[PDB]
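Student: First, the structure itself, so that you have it in front of you.
Numbering (mature numbering (1 follows the signal peptide of the UniProt record, and there is no 0)), first residue to last: 70 to 399.
What follows is the structure in structure tokens.
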């Protein structure tokens, strides 16, 4: 089997991408944030505290003839940005782009943190990291991909995120028309539960490529590119007037600037992020200070190849017995 679904930016900055997901019978379609950095499929629901729902579409398990309470199961998650959610668990039929999994754990939120409530466009998350990170207790549950894998034509999914435009998540096949050149595959460590890999270096603009190992994770659920402070300083040094602002929370730059590209290495291959992809717009409405799309990871503990990096590439998440990642230009 295969599936293919369009993923759409939630706003004009590509802060996140939403993909429609059919849950239950009859289908309830919710727009979920596909997140290769986490492993829970959780949704706003009829159980979510009413004051914490503000415009999201909810899953109502009592209206699904295939929903079953997973007795005794609870979940609770905290994300790298400080947000969180928790609740109970149903199993139900879940379909993405024509690919159907029966008995998928659907984690129904009883509580969500304010950042979720305040984003009316995201109805939940669909985790695509390794199932070892799933938070369901006392019986850990499998991700949608893990449940689908054995049925897929090939045990892979691909992320093709658009710049200021829709893109595509495919399951079970590699669309050879969706990229240019060849796909370069690179090793993955699953020891932390992530799609963790090592970039071979970077370049700023038209500058020389610096060969250096940068371990990080491919994370579709993170907006920006978080790299070591040395790398990030080298980038922003090429933008007149750019500086790190402790009060804003990162590098800012004059909105009048033209940003240089940023290249990262995948083996001997190179992925070029155009400068425009690194502009996240005014820090507040009407400001002439703009927020940068490349930020330091120093306070995180891990480097994160988020959407800024991934949307410059066609990305293969190869879930074979020994997982690997593939990157192609497009």
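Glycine included, every Cβ here is placed at the ideal spot set by N, Cα and C.
Measure the C-alpha to C-alpha separation of residue 228 and residue 119 and round it to an integer number of angstroms.
Tutor: As a working note, residue 228 is residue 159 in the chain shown. As a working note, residue 119 is residue 50 in the chain shown. So the two alpha carbons sit approximately 34 Å from each other.
Student: Pick out the complete alpha helix (DSSP H) segments inside the stretch 268-336, 4 residues or longer, and give them in chain order.
Tutor: For the stretch 268-336, whole alpha helix (DSSP H) runs of length 4 or above, ordered along the chain, are 298-305.
Student: With DSSP as the reference, identify every bridge partner of residue 86, one or two as the case may be.
Tutor: Stepping through the chain shown from its first residue, residue 86 is reached at position 17. Note: residue 86 sits in a beta bridge opposite 78.
Student: Could you check what DSSP says for residue 377 in three-state terms: helix, strand or coil?
Tutor: Numbered from its first residue, the chain shown carries residue 377 at position 308. Here residue 377 sits in helix by DSSP.
Student: Which runs of the alpha helix (DSSP H) fall wholly inside the stretch 206-253 and span at least 4 residues, in chain order?
Tutor: Counting only runs of 4 or more, we get 213-217.
Student: With distance defined between alpha-carbon atoms, name the residue in 318, 281, 192, 243 nearest to residue 352.
Tutor: As a working note, residue 352 is residue 283 in the chain shown. Checking every option, the nearest Cα to that of residue 352 belongs to 318.
Student: Mapping the DSSP letters down to three states, classify residue 401 as helix, strand or coil.
Tutor: The requested residue 401 is not part of the displayed model; the chain covers only 70 to 399.
Student: According to DSSP, is residue 99 part of a helix, a strand, or is it coil?
Tutor: Here residue 99 is taken as the residue at index 30 of the chain shown, counted from 1. Residue state, collapsed to three classes: strand.
Student: Would you call the CB atoms of residue 113 and residue 127 closer than 7 Å?
Tutor: As a first step, residue 113 is located in the chain shown; it is residue number 44 there, counting from the start. As a first step, residue 127 is located in the chain shown; it is residue number 58 there, counting from the start. Yes, these two residues count as a Cβ contact at 7 Å.
Student: Touch check for the stretch 354-372 and the stretch 209-220: three-plus C-beta pairs under 8 Å?
Tutor: They do not touch, by the three-pair rule.
Student: If you reduce the DSSP assignment to three classes, tell me which class residue 148 lands in.
Tutor: Indexing the chain shown from 1 puts residue 148 at position 79. Note: residue 148 maps to coil in three-state DSSP.
Student: Taking residue 386 as the reference, which of 250, 198, 268, 203 has the closest Cα?
Tutor: Taking the chain shown and counting its residues from 1, the one referred to as residue 386 is at position 317. Out of 250, 198, 268, 203, 198 has the C-alpha closest to the C-alpha of residue 386.
Student: When burial is assigned at 16 or more other CB atoms within 10 Å of the CB, is residue 74 buried or exposed?
Tutor: Walking along the chain shown from the start, residue 74 turns up at place 5. With 16 or more Cβ atoms within 10 Å of its Cβ, residue 74 is classed as buried.
Student: Determine the closest residue to residue 335 out of 253, 169, 123, 240, with distance taken between C-alpha atoms.
Tutor: Start at 1 with the first residue of the chain shown, and residue 335 comes out as number 266. Nearest option by C-alpha distance: 253.
Student: Looking only at C-alpha atoms, which of 135, 181, 233 sits nearest to residue 170?
Tutor: Within the chain shown, residue 170 is the residue found at index 101, counting from 1. Ranking the options by Cα distance to residue 170, first place goes to 135.
Student: Residue range of the beta strand (DSSP E) that residue 258 falls in?
Tutor: Residue 258 sits at position 189 when you count from the first residue of the chain shown. Unbroken run through residue 258: none, as it is neither H nor E.
Student: Evaluate the contact criterion for the stretch 86-102 versus the stretch 177-185: three or more CB pairs, one atom per stretch, below 8 Å.
Tutor: Short answer: they don't touch.
Student: How do the stretch 280-296 and the stretch 254-268 stand: do at least 3 beta-carbon pairs fall below 8 Å, yes or no?
Tutor: Because the criterion of three Cβ pairs below 8 Å is met, the stretch 280-296 and the stretch 254-268 touch.
Student: Need the endpoints of the alpha helix (DSSP H) that residue 113 sits in, please.
Tutor: In the chain shown, residue 113 corresponds to position 44, counting from 1. Premise fails: residue 113 is in no alpha helix (DSSP H) and is neither H nor E.
Student: Check whether the Cβ atoms of residue 368 and residue 349 sit closer than 7 Å, and answer yes or no.
Tutor: Looking up residue 368 in the chain shown gives position 299. Looking up residue 349 in the chain shown gives position 280. No, these two residues do not count as a Cβ contact at 7 Å.
Student: How would you call residue 107, buried or exposed, if buried means at least 16 neighbouring beta carbons within 10 angstroms?
Tutor: Counted from its first residue, the chain shown places residue 107 at position 38. Result: buried.
Student: Residue 204: which of 390, 359, 146, 174 sits nearest, CA to CA?
Tutor: Residue 204 sits at position 135 when you count from the first residue of the chain shown. With distances taken between Cα atoms, residue 204 lies closest to 146.
Student: Alpha carbon to alpha carbon, how far is residue 390 from residue 137?
Tutor: Numbered from its first residue, the chain shown carries residue 390 at position 321. Numbered from its first residue, the chain shown carries residue 137 at position 68. Near 31 Å, if we compare the C-alpha coordinates of residue 137 and residue 390.
Student: Name the residue from 80, 295, 310 whose alpha carbon lies nearest to the alpha carbon of residue 150.
Tutor: By one-based count along the chain shown, residue 150 stands at place 81. Residue 150 has its Cα closest to that of 295, out of 80, 295, 310.
Student: Residue 321: which of 332, 331, 308 sits nearest, CA to CA?
Tutor: Against the chain shown, residue 321 aligns to sequence position 252. Among 332, 331, 308, the Cα nearest to that of residue 321 belongs to 308.
Student: Would you call the CB atoms of residue 270 and residue 255 closer than 7 Å?
Tutor: Indexing the chain shown from 1 puts residue 270 at position 201. Indexing the chain shown from 1 puts residue 255 at position 186. Contact: no.
Student: Can you give me the start and stop residues for the beta strand (DSSP E) that residue 171 sits inside?
Tutor: As a working note, residue 171 is residue 102 in the chain shown. Looking at the DSSP string, the run of the beta strand (DSSP E) that includes residue 171 is 168-181.
Student: DSSP beta-bridge partners for residue 338?
Tutor: Translated into the one-based positions of the chain shown, residue 338 becomes position 269. 335, per the DSSP bridge assignment.
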